[PDB]
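Below is one structure, written out as structure tokens; the observations come after it.
Computation of the quantities below employed the complete heavy-atom set of this structure, encompassing side-chain atoms and omitting hydrogens, waters and symmetry-equivalent molecules. In the text below, chain A, chain B and the rest are named by the order of the sequence lines, each starting its count at 1.
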Amino acid sequence: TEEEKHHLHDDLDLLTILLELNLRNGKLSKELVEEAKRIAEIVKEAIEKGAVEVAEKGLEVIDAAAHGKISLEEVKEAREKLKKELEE
Amino acid sequence: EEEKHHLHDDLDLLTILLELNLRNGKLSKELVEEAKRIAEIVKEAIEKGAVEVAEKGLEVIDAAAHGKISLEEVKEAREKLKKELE
Amino acid sequence: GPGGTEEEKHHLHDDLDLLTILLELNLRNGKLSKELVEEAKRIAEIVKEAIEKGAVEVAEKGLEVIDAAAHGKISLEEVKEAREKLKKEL
Ligand SMILES: [Zn+2]
Ligand SMILES: [Zn+2]
Ligand SMILES: [Zn+2]
Ligand SMILES: [Zn+2]
Ligand SMILES: [Zn+2]
Ligand SMILES: [Zn+2]
């Protein structure tokens with residue numbers, strides 16, 4: 001299971017860099033990247049306490065966002081759902 | 001599928017690495033442009049489930065990003081790869 | 001690790017590519033210093049050789065140090081210390 005936490009952190013670093021690249025080249029808006037970066041905060045916390053499922057879903061969302069595949073509203077929705085689901 | 005997921009991770013990674021090594025002057029624009037065409041072939045080979053084409057395409061991109069394959073060799077690899085997809 | 005298989009070596013190389021990028025990202029935005037990155041790159045050179053030679057444990061250790069450095073979590077003095085230890089452990 002340490003292997004999966006390792007993988008999750010690898011993807012978090014990768015997608016965090018992808019967000020910054022696609023912000024710099026103008027493909028994404030600042031608000032979108034800020035909201036995705038808040039999900040990245042949740043994934044980091046999820047990784048800490050072992051919540052693989054929350055972390056994995058958060059990463060899927062951040063990847064979808066970095067690739068312009070989901071909306072600002074969908075990112076805000078997923079963030080609230082993920083934060084609350086991490087609380088349990 | 002674990003493999004498709006890994007393939008997508010590597011295409012993200014190598015897309016970033018290619019720009020990094022263009023911007024710091026390590027790679028020529030023309031090499032990076034040819035590698036970016038291979039990355040399109042990988043993006044497709046992933047979507048299409050042609051995993052071996054995806055994996056070889058990423059190996060060529062990685063070699064290109066590290067300056068380990070010549071411009072002519074990248075051009076030839078892309079031809080061999082594009083054909084191998086169809 | 002899972003042994004010095006081609007699959008593990010390939011994973012270690014992915015991580016090194018990823019951390020190569022992160023060091024530059026975080027040098028450029030001012031998070032990391034030039035001397036920190038230079039020392040981290042000397043660990044990256046040790047990691048490279050370790051990956052080649054199948055020394056997955058030495059490589060995983062250098063990657064963990066480089067990662068901790070890139071996130072601003074260990075001091076320049078710790079990175080230098082880690083580089084000396086890792087070069088010897090190899
Ligand atoms: Zn992944
Ligand atoms: Zn992606
Ligand atoms: Zn890989
Ligand atoms: Zn590489
Ligand atoms: Zn890794
Ligand atoms: Zn990291």
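- Heavy-atom pairs under 4.5 Å with chain C peak, among A:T16, A:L14, A:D13, at A:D13.
- More than 12 non-hydrogen atoms from other residues, nucleotides or ligands lie less than 6.0 angstrom from NZ of C:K9.
- Counting non-hydrogen atoms of neighbouring residues, nucleotides and ligands closer than 6.0 angstrom, the CD atom of A:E4 exceeds 12 such neighbours.
- Under the rule for a salt bridge (charged side-chain N to carboxylate O under 4.0 Å, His left out), A:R24 has no partner lying at least two apart in sequence or in another chain.
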### Task
Would you please test C:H11 and A:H6 for side chain to side chain contact (heavy atoms under 4.5 Å, CB included) and show each step?
CA-CA 11 Å; C:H11 168 222; A:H6 175 85; 3.3 Å; yes
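- Other residues, nucleotides and ligands contribute over 12 non-hydrogen atoms within 6.0 Å of the CD atom of A:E77.
- By number of non-hydrogen pairs under 4.5 angstrom with chain A, the leading residue of C:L25, C:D67, C:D14 is C:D67.
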